[PDB]
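Only one chain is shown below, in structure tokens, and it's the form deposited in one PDB entry.
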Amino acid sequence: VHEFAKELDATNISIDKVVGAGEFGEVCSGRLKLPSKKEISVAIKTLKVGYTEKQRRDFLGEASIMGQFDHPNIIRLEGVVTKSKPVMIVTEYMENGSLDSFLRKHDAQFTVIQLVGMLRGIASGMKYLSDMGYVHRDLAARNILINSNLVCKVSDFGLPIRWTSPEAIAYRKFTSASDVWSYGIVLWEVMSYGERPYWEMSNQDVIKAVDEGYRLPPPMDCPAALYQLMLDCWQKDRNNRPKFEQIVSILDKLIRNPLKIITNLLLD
């Protein structure tokens, strides 16, 4: 763990309050005093009292993964506490919480360009994870955190049929291209302001429908460019899906605001 995670001194951590009502795990917000004496807001996940050795190993392995990724759109590991208990993982604080729950509070209240900025941040984080050989496997709006300035950052709270590509469902073929499929689902979630993908369809029907070529329909008022981007991410042939670098490039062009062309499952 210490290869990729700094050991924090518990005397530098103050705990404020419980956050997220369990959605992130056993997580609090608080402050961390850095070696330079600067104090920053942080999220703190604690390992349960009475943990088993496997639970500790799994907890510290998580920190080890996170510590590998230093990027503006991937959740930043500040460090771990292992030499005292409770054992902790400390990250930057993301004031606006998970993106799906945030958007549900704000239905139709953001501009298209604001939503595209969110989407671009997520794609940039994924471009770095993929460049680093990391396949996320659970890329979903609930695993994206959003801060006070609406910057979105790839996270993972653990457990996902609705977000999984057909090949990863069929025979566990997980690649960065199956993450691109997942990104198309997140793109739909964002444009739908946190609607659940495939709503409450039976999992077996989500699997069969997608395999038969059916896809989620355009969100209300969804620009054609963005719906086409979803369809491109949802290509049956993983080789035909765009790479994350190309997704970032697409969004960067839309950010220049060229987009006013507007578009149960659709046979696509």
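In this text, residue numbers run from 1 along the sequence as written. Take the two forms, superpose them, and find the largest set of C-alpha atoms that agree within 1.5 Å; that set is the rigid core. Residues that one form lacks are left out of the comparison.
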{"item": "Missing-residue flag, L159, threshold a third of other entries", "value": "yes"}
{"item": "Deposited but uncoordinated residues in the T263/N264 interval", "value": "4 to 9"}
{"item": "Sequence continuity check, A170 and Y171 (deposited residues unmodelled)", "value": "none"}
{"item": "Stretch with the greater mean C-alpha B-factor as recorded in the entry, comparing 81-89 against 100-108", "value": "81-89"}
{"item": "Stretch with the greater mean C-alpha B-factor as recorded in the entry, comparing 57-65 against 209-217", "value": "57-65"}
{"item": "Ranked C-alpha temperature factor of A10 among modelled chain residues, by third", "value": "highest"}
{"item": "Third assignment of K243 from its chain's C-alpha B-factors", "value": "middle"}
{"item": "Modelled-residue ranking by C-alpha temperature factor, third containing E26", "value": "highest"}
{"item": "Third of chain Cα B-factors occupied by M132", "value": "middle"}
{"item": "CA B-factor placement of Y198, once the chain's modelled residues are sorted into thirds", "value": "middle"}
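What comes next is about the form deposited in another entry, which does not appear here.
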item	value
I15 C-alpha shift between the shown form and the other one of 2 Å or more, rigid core reference	no
Threshold 2 Å Cα movement between the shown form and the other one at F244, rigid core reference	no
After fitting the core, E26 CA displacement of 2 Å or more between the shown form and the other one	yes
Direction of C-alpha distance change in the other entry, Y193 to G20 (at least 3 Å)	farther
Cα-Cα shift for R142 and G25, closer or farther in the other entry, minimum 3 Å	farther
Rigid-core superposition between the shown form and the other one, with residue runs of at least 3 whose C-alphas all shift by 2 Å or more	19-26
